[PDB]
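Protein chains: 2
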Amino acid sequence: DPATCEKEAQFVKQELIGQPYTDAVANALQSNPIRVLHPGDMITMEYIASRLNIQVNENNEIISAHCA
Amino acid sequence: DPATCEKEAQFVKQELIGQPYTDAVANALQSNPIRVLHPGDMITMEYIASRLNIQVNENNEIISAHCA
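As given, the protein sequences belong to chains B and A, one line each in that order. For the first sequence, the positions run 1 to 68 when the deposited numbering is used. For the second sequence, the positions run 1 to 68 when the deposited numbering is used.
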């Protein structure tokens, strides 16, 4: 669902910035599927409105989020 | 520049979904840099809060936008 995905990403971007990506925060996110983007990752772009992407830094801290 | 990046993305998501990506919409986006994402594009992921991304489909139609 693109709608619940967007709610999820908005929650992450507004509330969990700087926290480590743990199983706990992963479990709290209800939509599928989830993709964690790390710096350097080679990605083949294919747009999917239902996939939640969580960007973390090299210390596994959450820096951003969006659906795609 | 993340403030102006975000205002642009909000604008394209509100007014331009479903429309072709033209020189008109590009002239309309003062932000630097602008990244147009296409199906199949291979990318090295690096989160840049000031970069505006315009997601286009295979019909060169705008489907979304986000800063990263």
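Heads up, the beta-carbon is just placed ideally off N, CA and C, and yes, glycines get one too.
Inter-residue spacing [alpha-carbon to alpha-carbon] between residue i and residue j
i	j	result
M42 (chain A)	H66 (chain A)	18 Å
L16 (chain B)	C5 (chain B)	16 Å
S31 (chain B)	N32 (chain A)	33 Å
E46 (chain B)	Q55 (chain A)	10 Å
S64 (chain A)	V25 (chain B)	26 Å
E8 (chain B)	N27 (chain A)	32 Å
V12 (chain A)	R35 (chain B)	25 Å
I48 (chain A)	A3 (chain A)	13 Å
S50 (chain A)	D23 (chain B)	29 Å
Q14 (chain A)	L29 (chain B)	26 Å
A68 (chain B)	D1 (chain A)	23 Å
Neighbour list for residue i in chain B, Cβ cutoff strictly below 8 Å
i	result
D41 (chain A)	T44 and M45
Interface residues of chain A facing residue i [CB-CB closer than 7 Å]
i	result
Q10 (chain B)	In chain order: nothing, as chain A lies at least about 12 Å away.
Candidates the options, of which the one nearest residue i by Cα
i	options	result
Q10 (chain A)	A:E61, A:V56 and A:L52	A:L52
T44 (chain B)	A:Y47, A:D23 and A:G40	A:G40
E61 (chain B)	B:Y21, B:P2, B:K13 and B:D1	B:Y21
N59 (chain B)	B:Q14, B:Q19, B:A3 and B:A68	B:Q19
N57 (chain B)	B:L37, B:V12 and B:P33	B:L37
Proximal residues of chain A, C-beta to C-beta of residue i below 8 Å
i	result
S64 (chain B)	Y47, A49 and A68
Contacts that residue i makes with chain A (C-beta to C-beta distance below 9 Å)
i	result
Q55 (chain B)	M45, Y47 and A68
Chain C contact for residue i (CB, 8 Å cutoff)
i	result
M42 (chain A)	Annotation note: the requested chain C is absent from the structure, which comprises protein chains B and A.
Members of the stretch 19-42 of chain B that neighbour chain A once the beta carbon cut-off is set at 8 Å:
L37, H38, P39, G40, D41 and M42
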